[PDB]
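Okay, so here's the structure we're looking at.
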Amino acid sequence: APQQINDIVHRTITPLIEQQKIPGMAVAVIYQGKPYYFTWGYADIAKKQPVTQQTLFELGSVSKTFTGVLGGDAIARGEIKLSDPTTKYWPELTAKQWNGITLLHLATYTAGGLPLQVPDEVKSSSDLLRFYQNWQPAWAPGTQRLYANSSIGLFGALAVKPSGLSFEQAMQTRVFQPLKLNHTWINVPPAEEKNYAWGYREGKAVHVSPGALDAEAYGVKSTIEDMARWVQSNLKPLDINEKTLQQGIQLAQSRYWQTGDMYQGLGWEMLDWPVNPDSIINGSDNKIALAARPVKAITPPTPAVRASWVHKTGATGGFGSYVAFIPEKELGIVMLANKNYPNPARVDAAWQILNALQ
């Protein structure tokens with residue numbers, strides 16, 4: 001890579017790895033549209049397997065960006081509308097608190113306090129129905145944002161109903177395949193297990209556990225190469241040949257709600273660029289990212305703004321990931337690690353690198 005990129009990436013990531021004691025890491029910087037890869041350490045400590053450009057990492061909540069885009073694609077296909085009430089797709093949700101909660105509320109965590117996690121006892125579809133029927137909102141719909149896997153997770157599940165495809169089939173055929181993300185998976189196949197890194201939590205090798213709506217909220221695994229391609233696709237949706245997917249990507253970056261300096265998209269979150277780094281580095285900390293925040297509706301939503309810092313953080317028990325890009329500058333970065341480490345450290349590093357590249 002150009003020495004400038006090499007130096008800023010190495011001078012930023014090396015210290016990070018040492019300070020956070022990250023076992024393995026892969027980074028992709030997209031510059032002027034082209035990707036540059038970097039890898040360090042181990043994908044599997046016990047078996048001494050190094051991280052490579054083919055290593056699969058658990059994306060955790062970065063998976064929500066795929067869910068948001070698949071939803072946008074369904075909207076573009078005319079299969080669903082964000083203004084549709086949730087009950088249109090799950091008639092069994094007859095409890096009165098659901099009157100007024102639309103797919104937009106689910107996709108943007110504004111339904112009124114749906115919980116962060118779907119309880120572990122929820123297995124079956126009937127367990128899931130019971131959970132949503134019995135849930136009592138703390139707030140009226142569209143008034144407060146509370147980051148929640150049970151919110152966007154239900155959005156993902158309902159968004160694919162009309163297609164008659166399973167969430168996984170829809171994601172593979174409508175998003176992964178068209179974008180040639182051939183090493184991106186919701187369920188890692190046996191043939192690819194050789195590439196699946198282990199996550200590390202308190203020194204122990206771990207993988208994410210199965211859970212209700214896991215695919216929709218935090219279940220994607222991918223390589224640094226496929227994630228770089230995912231960033232390029234979101235940076236330049238007009239290059240995408242499949243019409244509804246090009247549109248879906250744009251809808252995922254539309255600004256639906258504003259809370260402080262942040263705007264909520266579908267999966268993606270955005271801020272105006274140039275951004276105040278303290279506004280995002282600090283904002284990333286679960287202290288602010290997962291807090292209850294009043295939201296102002298953007299009526300109507302603002303179409304994707306090129307001068308934006310677009311990003312998403314994600315973690316599983318053993319992995320920490322981060323993606324950020326600036327359309328206007330054709331610049332982006334992906335940081336994948338097999339240790340969940342503080343969000344602020346991720347954002348600080350990404351900002352240092354991207355700011356240095358203009």
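Our numbering is plain: 1 for the first residue shown, then up by one each step along the chain.
In case you wondered, yes, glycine gets a Cβ from its N, Cα and C as well.
For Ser61 (active site, acyl-ester intermediate), the same-chain residues 6+ apart in sequence whose C-beta sits under 8 angstroms from its C-beta are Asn149, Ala217, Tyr218, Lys312, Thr313, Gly314, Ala315. According to its DSSP assignment, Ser61 (active site, acyl-ester intermediate) is helical. Residues or ranges marked as active site, acyl-ester intermediate in Swiss-Prot (evidence: experimental evidence): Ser61.
If you look up Swiss-Prot, you'll see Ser61, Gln117, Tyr147, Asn149, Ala315, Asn340 marked as beta-lactam binding site, on the strength of experimental evidence.
Note: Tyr147 (beta-lactam binding site) has non-local neighbours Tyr109, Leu116, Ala289, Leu290, i.e. same-chain residues 6+ apart with C-beta under 8 A of its own C-beta. For the beta-lactam site listed in the record, the two most distant Cα atoms among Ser61, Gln117, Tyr147, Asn149, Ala315, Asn340 lie 18 Å apart. Least packed by the Cβ count within 10 Å, out of the binding-site residues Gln117, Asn149, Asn340, is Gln117.
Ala315 (beta-lactam binding site) counts 24 other C-beta atoms within 10 Å of its own C-beta, drawing on all protein chains shown. Taken residue by residue with DSSP, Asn149 (beta-lactam binding site) is part of a helix.
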